[PDB]
Amino acid sequence: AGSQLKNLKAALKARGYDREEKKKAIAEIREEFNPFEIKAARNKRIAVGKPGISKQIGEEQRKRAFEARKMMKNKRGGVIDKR
Amino acid sequence: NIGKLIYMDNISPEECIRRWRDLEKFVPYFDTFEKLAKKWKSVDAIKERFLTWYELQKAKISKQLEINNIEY
Amino acid sequence: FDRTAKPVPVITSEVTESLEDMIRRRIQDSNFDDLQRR
Amino acid sequence: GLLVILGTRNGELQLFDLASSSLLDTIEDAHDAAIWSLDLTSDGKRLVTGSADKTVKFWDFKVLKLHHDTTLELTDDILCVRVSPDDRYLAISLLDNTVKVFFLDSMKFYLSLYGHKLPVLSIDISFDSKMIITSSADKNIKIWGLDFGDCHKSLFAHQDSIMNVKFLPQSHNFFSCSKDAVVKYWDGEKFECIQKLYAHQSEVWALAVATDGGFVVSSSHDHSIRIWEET
Amino acid sequence: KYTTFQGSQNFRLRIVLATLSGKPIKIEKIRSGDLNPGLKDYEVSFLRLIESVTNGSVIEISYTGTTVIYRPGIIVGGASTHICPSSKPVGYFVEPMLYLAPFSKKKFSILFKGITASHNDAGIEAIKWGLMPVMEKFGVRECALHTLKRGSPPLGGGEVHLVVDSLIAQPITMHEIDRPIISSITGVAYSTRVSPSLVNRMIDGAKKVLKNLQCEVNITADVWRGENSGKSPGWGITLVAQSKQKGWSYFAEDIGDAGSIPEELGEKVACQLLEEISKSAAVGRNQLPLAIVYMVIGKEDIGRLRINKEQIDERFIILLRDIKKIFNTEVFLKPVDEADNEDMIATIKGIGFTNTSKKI
Amino acid sequence: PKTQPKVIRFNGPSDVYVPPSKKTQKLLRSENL
RNA sequence: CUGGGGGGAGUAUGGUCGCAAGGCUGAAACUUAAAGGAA
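In order, the protein sequence lines correspond to chains Y, A, U, H, R and S.
Heads up: the first sequence begins at 1 in the working numbering, then just goes up one per residue.
Heads up: the second sequence begins at 1001 in the working numbering, then just goes up one per residue.
Heads up: the third sequence begins at 2001 in the working numbering, then just goes up one per residue.
Heads up: the fourth sequence begins at 3001 in the working numbering, then just goes up one per residue.
Heads up: the fifth sequence begins at 4001 in the working numbering, then just goes up one per residue.
Heads up: the sixth sequence begins at 5001 in the working numbering, then just goes up one per residue.
So this is what it looks like as structure tokens:
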């Protein structure tokens, strides 16, 4: 049907010296008109995943794990916190 | 007197200073600003504080050795 | 062990955000590398 | 209550009341030139008058008469004064694009707030005596933190000239009425515009907030005086 | 096995001298009779900094937190970073690293991240202009405290890159049998996230106190603009007095807070400096600890340094008692042979120190 | 019986104009015919 | 009115000493006026 550009101009005419309304409206139209960072399946009788966010948390997790192992790698001491 | 007071280690350090007349805090103890203002309105108290190679190395080490003896 | 080539980059939200604000800088300064009609 | 202090365009100050007739006393030669702004202290016994003869003066109430005792001459035409609501600061707005914050107890010259870029109208000090507003003919009001004199916002309102700006009693919300027939309600935390009130027709010269409760009156150039309450 | 200390006084000096000497210590009764007894977070993070700097040192905090066991190890250095807490600035953690700094395998390149200044601690300008020259003439030659950004309290957000890169064997033996003639008096007035006129007000106050002495006064001025300013408003002033024929220096600093007049702070730091000049002789009252620490870990010779009467205090002699408690050495205070003043000359025979971590 | 005090409030834009620009920026890290 | 390095034409530079870039100004602690610039 109608274009994403036409619907985007309609969404901007919809949303229209306050700041937080513009922060909210801009974040809303960005996460609405960005469809390639969700994943949609087809209901055989729909947003089923958030690929980029899942990827960035899965790689930041192992990034801090890798830096922790690189910090541990040639240590021999350690504080023993019994508190 | 003062060295025997310092290394006599059954008396408190303020007692050493008292019978002669804490390091987490880095900057030392100063007076009140008003006492220091009336003390240092004058300035004249401190106006006089204001205003061959092988044989050379051997001379430096023998200079240190004679300093060692004359301070022993 | 040593490995031959760098793996294919995973496209996360940080790299899409960096790429989008690159595009926004170019597109509000009209820094467009188009073909020019002779 | 039942007693009015006032200063006039020429070098005169005047005192009136509510029960009796007009003049308790006038003070001819209260200032050499045009008075511009006065302020009581929160107990009321001591008031401050700043005038276009490049001087401010202090006056006490002796018994119901005015006692001039001290006078601070500046280099420039002072055109607004204010004290803190807890007798603490004296903020005075000069014609030379700046304000100065003094200590009342020392005339100490605490701070100089600078960078407004036109001569600067009404000040206000908050109830906690921590946050000041600064209005001017630059079409913007600046929020300043009074502890170090550091600016917080420089929000652009009011496309002609902000004549007056006043806090609420107990909050950090404030009002500003301007020379383009509009009063505006702001908050001092998110610095949004809470409301854009649009009832006047011409230049809104003054506004005054209630001491408690917080209903605000505004009075303008179209000879109108109007009340604003809560919903 | 363990040399035992009591109380949470001189905590950083105890852990530092235990790392230098290689002796296992216990510190017992860390504020045990208190409502929240035990170690505090800033000294726990100092222990974490010690574990970062050394290698093979085992620190063993108890259940109650009121006693710590430090069995030291080899100083190895390396590049690191330290996110020190808001309870203490970066000076509280870079001051005890200047002792351990030239005696490691790999050179110190650490950047501390936190609040820059405090009333009761060392600043960036304090560490640099006061405490680096005494190391610079005790034997190190390449040491630098860089500010990448600085953060005034309470939110801070300033980073400080301590880099020492002369790994000496031992500090040289000091011989300062004179009072150094003060050639100039300079300083630095800094301000972050406030107006640039406060710096000139501070400078004018300090120099109107300083104007009656017949030397030369020069105070440099830096306002910090941008992301380099940090997360909070702040301003402060640090003066040094500079003996240029030998390199000695005597400093005094402070910072302003909420409600402080900059001319007041400038004249206060100026008068505090002149009192440090009065109560000083060849060191400062705060440069004196690491001066006599480097004299006691010098060679196995006699090193002598002049001090005056008023520099002796409970802090100075509790320092001397801790030095003798760890590695069994005494200072010998001999008086000078001229009597217009009361100055001792402290002679310390240094222990036979070398750094054995640097690879040959 | 008037108590006449004075005031002086010089502004310091030159203190930002003489910040670490070149010199302090470099120093604050240590025939024809 | 005595004092002198070493040819001519060039080339390169991970060395040392300098000088130099950014990026609309106002305008930063302030996303801030007027005015100007550019297109």
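Just so it is clear, CB atoms sit at the ideal spot from N, CA and C, and this is done for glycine as well.
Proximity winner among the options, relative to residue i (alpha-carbon distances)
i	options	result
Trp-3036 (chain H)	H:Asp-3128, H:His-3172, H:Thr-3075, H:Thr-3055	H:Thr-3055
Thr-1032 (chain A)	R:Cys-4271, R:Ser-4278, R:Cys-4084	R:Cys-4271
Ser-4062 (chain R)	R:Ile-4050, R:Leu-4049, R:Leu-4039	R:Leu-4039
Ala-3208 (chain H)	H:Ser-3020, H:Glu-3028, H:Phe-3167, H:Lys-3065	H:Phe-3167
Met-1008 (chain A)	R:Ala-4339, R:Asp-4322, R:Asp-4343	R:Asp-4322
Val-4016 (chain R)	R:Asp-4254, R:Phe-4332, R:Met-4174, R:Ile-4326	R:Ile-4326
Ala-4346 (chain R)	R:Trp-4224, R:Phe-4332, R:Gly-4056, R:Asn-4120	R:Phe-4332
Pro-3169 (chain H)	H:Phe-3127, H:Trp-3186, H:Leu-3072	H:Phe-3127
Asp-3160 (chain H)	H:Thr-3211, H:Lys-3108, H:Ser-3136, H:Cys-3151	H:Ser-3136
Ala-4018 (chain R)	R:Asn-4328, R:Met-4344, R:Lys-4349, R:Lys-4334	R:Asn-4328
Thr-4192 (chain R)	R:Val-4269, R:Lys-4246, R:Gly-4256, R:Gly-4247	R:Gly-4256
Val-1043 (chain A)	R:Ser-4278, R:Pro-4102, R:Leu-4239, R:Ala-4189	R:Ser-4278
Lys-4244 (chain R)	R:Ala-4282, R:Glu-4275, R:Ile-4069, R:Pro-4089	R:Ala-4282
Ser-4032 (chain R)	R:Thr-4064, R:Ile-4069, R:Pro-4089	R:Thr-4064
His-3200 (chain H)	H:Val-3182, H:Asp-3138, H:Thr-3041	H:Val-3182
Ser-4184 (chain R)	A:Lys-1025, A:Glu-1034, A:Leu-1051	A:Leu-1051
First and last residue of the uninterrupted alpha helix (DSSP H) at residue i
i	result
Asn-4200 (chain R)	4197-4210
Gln-1064 (chain A)	1053-1071
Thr-4186 (chain R)	Where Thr-4186 (chain R) is concerned, there is no enclosing alpha helix (DSSP H), although the beta strand (DSSP E) it sits in stretches over 4184-4192.
residue 4380 (chain R)	Nothing in the structure corresponds to residue 4380 (chain R), since chain R is present only between 4001 and 4360.
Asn-7 (chain Y)	4-15
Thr-3070 (chain H)	Segment 3065-3073 is the beta strand (DSSP E) holding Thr-3070 (chain H); no alpha helix (DSSP H) there.
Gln-2028 (chain U)	2013-2028
Cβ pair residue i, residue j closer than 8 Å
i	j	result
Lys-3142 (chain H)	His-3158 (chain H)	no
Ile-4027 (chain R)	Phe-4046 (chain R)	no
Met-4202 (chain R)	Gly-4158 (chain R)	no
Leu-3047 (chain H)	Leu-3074 (chain H)	no
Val-4134 (chain R)	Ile-4168 (chain R)	no
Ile-4172 (chain R)	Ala-4241 (chain R)	no
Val-5016 (chain S)	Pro-4196 (chain R)	yes
residue 3942 (chain R)	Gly-4073 (chain R)	Chain R is shown only over 4001 to 4360; residue 3942 (chain R) falls outside these bounds and no answer can be derived.
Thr-4186 (chain R)	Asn-4212 (chain R)	no
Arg-4315 (chain R)	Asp-1022 (chain A)	yes
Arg-4150 (chain R)	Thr-4116 (chain R)	yes
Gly-4236 (chain R)	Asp-4254 (chain R)	yes
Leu-3121 (chain H)	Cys-3080 (chain H)	yes
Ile-4312 (chain R)	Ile-1067 (chain A)	no
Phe-3215 (chain H)	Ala-4258 (chain R)	no
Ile-4025 (chain R)	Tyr-4002 (chain R)	yes
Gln-4214 (chain R)	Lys-1047 (chain A)	yes
residue 3235 (chain H)	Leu-3002 (chain H)	It is not possible to answer for residue 3235 (chain H), since the shown part of chain H is limited to 3001 through 3231.
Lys-4309 (chain R)	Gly-4350 (chain R)	no
Contacts that residue i makes with chain R (C-beta to C-beta distance below 7 Å)
i	result
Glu-1071 (chain A)	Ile-4302, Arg-4304, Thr-4347
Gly-3149 (chain H)	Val-4194, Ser-4195
Residues that residue i contacts on chain Y, provided the C-beta gap is smaller than 7 Å
i	result
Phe-3175 (chain H)	The contacting residues do not exist; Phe-3175 (chain H) stays about 15 Å from chain Y at best.
Proximal residues of chain H, C-beta to C-beta of residue i below 7 Å
i	result
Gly-4236 (chain R)	Neighbours of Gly-4236 (chain R) on chain H: none; closest Cβ ~12 Å, over 7 Å.
Boundaries of the beta strand (DSSP E) in which residue i is found, first to last residue
i	result
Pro-4335 (chain R)	4331-4335
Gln-4272 (chain R)	Note, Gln-4272 (chain R): premise wrong, no beta strand (DSSP E); alpha helix (DSSP H) at 4262-4278.
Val-1043 (chain A)	Premise fails: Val-1043 (chain A) is in no beta strand (DSSP E) and is neither H nor E.
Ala-68 (chain Y)	Counting along the chain, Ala-68 (chain Y) falls outside any beta strand (DSSP E), though it belongs to the alpha helix (DSSP H) covering 51-72.
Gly-4236 (chain R)	4234-4242
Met-3163 (chain H)	3162-3167
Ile-46 (chain Y)	First-last for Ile-46 (chain Y): undefined, no H or E at that position.
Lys-82 (chain Y)	Here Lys-82 (chain Y) belongs to no beta strand (DSSP E), and DSSP marks it neither H nor E.
Interface residues of chain Y facing residue i [CB-CB closer than 9 Å]
i	result
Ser-2018 (chain U)	Under the 9 Å cutoff, chain Y gives no residues; its nearest Cβ is about 12 Å from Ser-2018 (chain U).
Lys-3179 (chain H)	Ordered by position in chain Y, no residue passes the 9 Å Cβ test against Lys-3179 (chain H), which lies about 17 Å from the chain.
Within chain R, the residues that residue i reaches when beta carbons sit closer than 8 Å
i	result
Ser-5030 (chain S)	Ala-4144
Residue i CB to nearest heavy atom of the ligand COA below 7 Å
i	result
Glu-28 (chain Y)	This structure lacks the ligand COA; in fact it carries no ligand of any kind.
Neighbouring residues, chain A, relative to residue i (Cβ below 8 Å)
i	result
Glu-4227 (chain R)	Those do not exist, as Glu-4227 (chain R) stays about 28 Å from chain A at its closest Cβ, beyond 8 Å.
Partners in chain A for residue i, counting only beta-carbon separations shorter than 7 Å
i	result
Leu-4035 (chain R)	Correct list: empty, because the minimum Cβ distance to chain A is about 19 Å.
Residues that residue i contacts on chain S, provided the C-beta gap is smaller than 7 Å
i	result
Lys-3100 (chain H)	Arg-5009
4 or more residues per run - each alpha helix (DSSP H) lying fully within the region 4090-4174 of chain R | For the region 4090-4174 of chain R, whole alpha helix (DSSP H) runs of length 4 or above, ordered along the chain, are 4091-4094, 4097-4100, 4132-4138.
Restricting to runs no shorter than 4 residues, where is the alpha helix (DSSP H) found entirely within the region 3070-3153 of chain H? As far as the region 3070-3153 of chain H is concerned, it has no whole alpha helix (DSSP H) run of at least 4 residues.
* Asked: Which full runs of the alpha helix (DSSP H) of 4+ residues lie inside the region 4003-4030 of chain R, going along the chain?
  -> Annotation note: the region 4003-4030 of chain R contains the following uninterrupted alpha helix (DSSP H) runs of length 4 or greater, listed N- to C-terminal: 4011-4021.
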